Amino acid sequence: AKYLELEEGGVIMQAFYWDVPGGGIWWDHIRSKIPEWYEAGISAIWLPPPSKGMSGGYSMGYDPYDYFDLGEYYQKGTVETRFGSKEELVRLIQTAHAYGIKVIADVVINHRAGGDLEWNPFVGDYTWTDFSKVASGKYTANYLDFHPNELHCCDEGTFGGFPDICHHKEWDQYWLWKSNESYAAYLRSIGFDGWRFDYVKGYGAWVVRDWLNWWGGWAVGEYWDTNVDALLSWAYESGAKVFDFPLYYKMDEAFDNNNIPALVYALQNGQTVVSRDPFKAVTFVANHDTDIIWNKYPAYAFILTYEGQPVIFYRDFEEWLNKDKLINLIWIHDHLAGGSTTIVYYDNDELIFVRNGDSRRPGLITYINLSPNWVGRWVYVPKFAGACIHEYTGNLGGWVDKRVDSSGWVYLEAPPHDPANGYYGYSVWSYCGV
Ligand SMILES: [Ca+2]
Ligand SMILES: [Zn+2]
Ligand SMILES: [Zn+2]
Ligand SMILES: [Zn+2]
Ligand SMILES: [Zn+2]
Ligand SMILES: [Zn+2]
Ligand SMILES: [Zn+2]
């Protein structure tokens, strides 16, 4: 990482989206992007499930068939996965590490797919639970490894009618994380540093907790719910972070409907993970499963200058949004956005807050404007009294410096929110000369 490292709360890039171009070109494509992302300040990349899926060439990895086939055996109609070959993935990992960029594996262990029809004694009918033909010959399995079985019928949850893995069985524990021949062992052996656990509401937190006890590494769980209490409960029990879906929805409530107050209220009344425990919050503006925020500039300006650990969605960075503004925000996040937060001003369409700084980052002032006009405000920010502050985004159309005299008062300006015309709706300030 050029600036902050992953464990230091550096910015993360979700290096994919739903239905990325197939043909096994993804691993090499992302690898060609490491140099640029390195210079941009990306500290880690989150890659899609790497194992051969039931849908083979069309698989996004969430319907894993042969865990130990990272695109190396002809199976399910293809040698490479939709993303590429095992060597291409390994090479991608190595290139990332050459630049100090960490790699996060998307771990899909709630369900499995592509098994052969097999008569099931616990259901009284045929189920696709026969995984004895796995080309890798590793972690084979049958109905006993899925619900229902002689242990219990069900667990926390299921998904898309796919065989639901029973992590309580020793065979399954051994093959997934409890041994040096385990899936976790394999992923690590090729260089994966951290983990992103898929659909964790489908099984117990004890699974992630033990996985982590064995391998460690940065970890986040996809616990999709709006109840902060449930998310933090799982976070603490598993030992991992959680995606801040609560913040996600509140940002949409605010930024997409001129309702900044809804976000302020949420942040103040612990209605988001980040406002409760910032060390457990992995923030985002969009992911491959959901993308409801249309006013993404104020959104990115917020997760990249506010507390928490931000994730940049590939499609926003490499397709839909102005890359330079995001790169600029990444720089601001790693150099200025530190410390506690103080809300300075807010109304229906404006939000101004101060980051008081930490030992590495001086702090800053974020001014988000959702209105269609240029705005200005006299704000009291004693944190910057006696200093020269500079607007770091360039969103004001030019180089703007201002003196915050001893008084602590300063007139701050923000551009209109009209991204369709190049006005992004936000300005970020901090001491001049950083
Ligand atoms: Ca389950
Ligand atoms: Zn290839
Ligand atoms: Zn079970
Ligand atoms: Zn999910
Ligand atoms: Zn929206
Ligand atoms: Zn790029
Ligand atoms: Zn206003």
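1. Overview of the pairing of strand 2 (residues 44–47)
Then comes step 1: Judged by which residues are buried, strand 2 turns out to be covered on both faces: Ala44 and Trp46 on one side and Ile45 and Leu47 on the other are all buried.
Then comes step 2: Note that strand 1 (residues 12–14) and strand 2 share three bridges and pair parallel. Among the inter-strand pairings, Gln14 is bridged to a residue of strand 2, identified as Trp46.
Then comes step 3: Tracing the backbone out of strand 1, into helix 1 (residues 26–40) and back to the parallel element strand 2 gives a crossover that is right-handed.

2. Describing the coordination of the zinc ion (ligand 6)
Then comes step 1: Distances from the zinc ion (ligand 6) to its protein donors, namely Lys33 (NZ), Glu36 (OE), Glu318 (OE), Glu318 (OE) and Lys323 (NZ), fall within the range 1.9 to 2.6 Å.
Then comes step 2: If you list the donors of the zinc ion (ligand 6) from N- to C-terminus, the spacing comes out as K-x2-E-x281-E-x4-K. Of this pair, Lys33 and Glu36 both sit in helix 1, separated by three residues, roughly a single helical turn.
Then comes step 3: Note on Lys33: relative accessible area 14%, which makes it buried.

3. Regarding the UniProt feature "domain: Glycosyl hydrolase family 13 catalytic" (unreviewed entry) in the chain
Then comes step 1: Look at the UniProt record and you will see "domain: Glycosyl hydrolase family 13 catalytic" (unreviewed entry) annotated at residues 10–355.
Then comes step 2: Here residues 10–355 runs as 34% helix and 17% strand, with 16 Å between its end C-alpha atoms.

4. Some thoughts on the state of the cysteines
Then comes step 1: Enumeration according to the criterion identifies two disulfides in this entry.
Then comes step 2: Covalent S-S linkage joins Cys153 and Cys154, the inter-sulfur distance amounting to 2.1 Å. Note on the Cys153 and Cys154 pair: the S-S dihedral is about -100 degrees, so by sign convention the disulfide is left-handed.
Then comes step 3: Under the relative-accessibility criterion, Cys153 is labelled partly exposed at 46%.
Then comes step 4: Here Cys388 engages in a disulfide with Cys432; their sulfurs sit 2.0 Å apart. Every disulfide takes its handedness from the sign of the S-S torsion; for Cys388 and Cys432 that torsion is -85 degrees, giving left-handed. Of the two residues, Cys388 sits in strand 17 (residues 387–391) while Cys432 sits in the segment after strand 22 (426–431), which places them 44 residues apart along the sequence.
Then comes step 5: Since its relative accessible area comes to 25%, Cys388 is described here as partly exposed.
Then comes step 6: Judged by relative accessible area, which is 24%, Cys432 ranks as partly exposed.
Then comes step 7: Regarding the disulfides, the chain carries the connectivity 1-2, 3-4 under sequence-order numbering of its bonded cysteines.

5. Re unusual backbone geometry
Then comes step 1: Across the junction of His147 and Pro148, the peptide omega takes the value 0 degrees, indicating a cis bond.
Then comes step 2: Tracing the backbone shows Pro148 in the loop between strand 7 (125–130) and helix 3 (170–176).
Then comes step 3: One non-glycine residue, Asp19, adopts positive backbone phi at about 60 degrees.
Then comes step 4: With respect to the helices and strands, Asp19 occurs in the loop between strand 1 and helix 1.
Then comes step 5: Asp19 gets classed as partly exposed once you look at its relative accessible area, which sits at 44%.
Then comes step 6: For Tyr139, which is not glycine, the phi torsion reads 55 degrees and is therefore positive.
Then comes step 7: Mapped onto the secondary structure, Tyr139 falls in the loop between strand 7 and helix 3.

Rules of the game
Residues numbered from 1 in each chain as written, not as in the entry; some residues may be left out. Chains lettered and ligands numbered in written order. Heavy atoms only, no water. Buried < 20%, exposed > 50% of the residue type's maximum accessible area, 1.4 Å probe, protein only. Helix = DSSP H or I, 4+ residues; strand = E, 2+ residues; numbered from the N terminus. Pairing = 2+ DSSP bridges. Right-handed = clockwise from strand over helix to strand, strands pointing away. Donors = N, O, S within 2.8 Å, 3.2 Å for Na, K, Ca; no water. UniProt positions renumbered as here; feature names shortened; annotations may be inferred. Disulfide = S-S within 2.5 Å.

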